[PDB]
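Structure record follows, encoded as structure tokens.
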Amino acid sequence: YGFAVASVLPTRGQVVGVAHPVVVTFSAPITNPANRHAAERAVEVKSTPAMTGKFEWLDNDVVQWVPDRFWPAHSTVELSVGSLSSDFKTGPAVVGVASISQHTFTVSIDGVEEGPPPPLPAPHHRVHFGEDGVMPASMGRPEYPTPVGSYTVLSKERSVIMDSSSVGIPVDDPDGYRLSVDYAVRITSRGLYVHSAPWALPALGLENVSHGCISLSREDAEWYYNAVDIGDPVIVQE
Ligand SMILES: [Ca+2]
């Protein structure tokens, strides 16, 4: 019973975003990497509709299966993991695409680009594109760039403290920082977020000045935060 499965995410009947992985937690650590292939076969993921994917070990006792494609939105996905039968539900496909070169974050809901209504007085004025769902954004500066890739929303939190130690700079170090971030959508375990950055307004849509994170206005961040679910995909591209 070395490959005994304690639990699986999504839980039965959970509502998740359209790229949510299948996360398998084992009752005991599998410390021998050579045994992980046999463990992967024991927890073979069989979904309806059929889906290909790849296993990634998060800990000695946690392997996640990352689907190669998005689940269908607004659906019930049947899931078998090593004879354990389950199911879960998907909400809308809320997809965010960050473009480093455009300085934009484009949100679509079930394929239709959409964003919040515009404010009559945002400040003196500010960049806004007039194309649905295209939000002006600021990615990482060249010293701390936003890495290109395909991500999923790992968590959503309010008023979270973000500290400069996440990118290798002490709080009291000269170029360090300690911020309270109003809306925070975490997309990597190491601490990459889509978030509200009101101090960074003049750069949005124009310049990449963050330390890796995808910076939005408070209003754009609030709307995206309220729309997105854990498991929804975020794509970062050049
Ligand atoms: Ca959810």
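Index from 1, following the sequence. Whatever order the structure lists ligands and atoms in, that order sets their numbers, starting from 1.
- Within a radius of less than 3.0 Å around the Ca ion (ligand 1), the protein N, O or S atoms are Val15 O, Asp229 OD1, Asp229 OD2.
- Using cut-offs of 30° and 60° on the angle between ring planes, the pair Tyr225 and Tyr183 is perpendicular.
- Side-chain atoms of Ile230 and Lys156, non-hydrogen and from C-beta on, do get closer than 4.5 Å to each other.
- Looking at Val62 and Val23, their side chains come closer than 4.5 Å, going by heavy atoms from C-beta outward.
- Note on ring orientation: taking the six-membered ring where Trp is involved, the planes of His211 and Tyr144 are parallel (angle under 30°, cut-offs 30° and 60°).
- Between the side chains of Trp65 and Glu44, not a single donor N or O lies within less than 3.5 Å of an accepting N or O.
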Would you check, one step at a time, whether the test side chain to side chain contact (heavy atoms under 4.5 Å, CB included) holds for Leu79 with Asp87?
CA-CA 5 Å; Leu79 187 59; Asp87 63 40; 5.8 Å; no

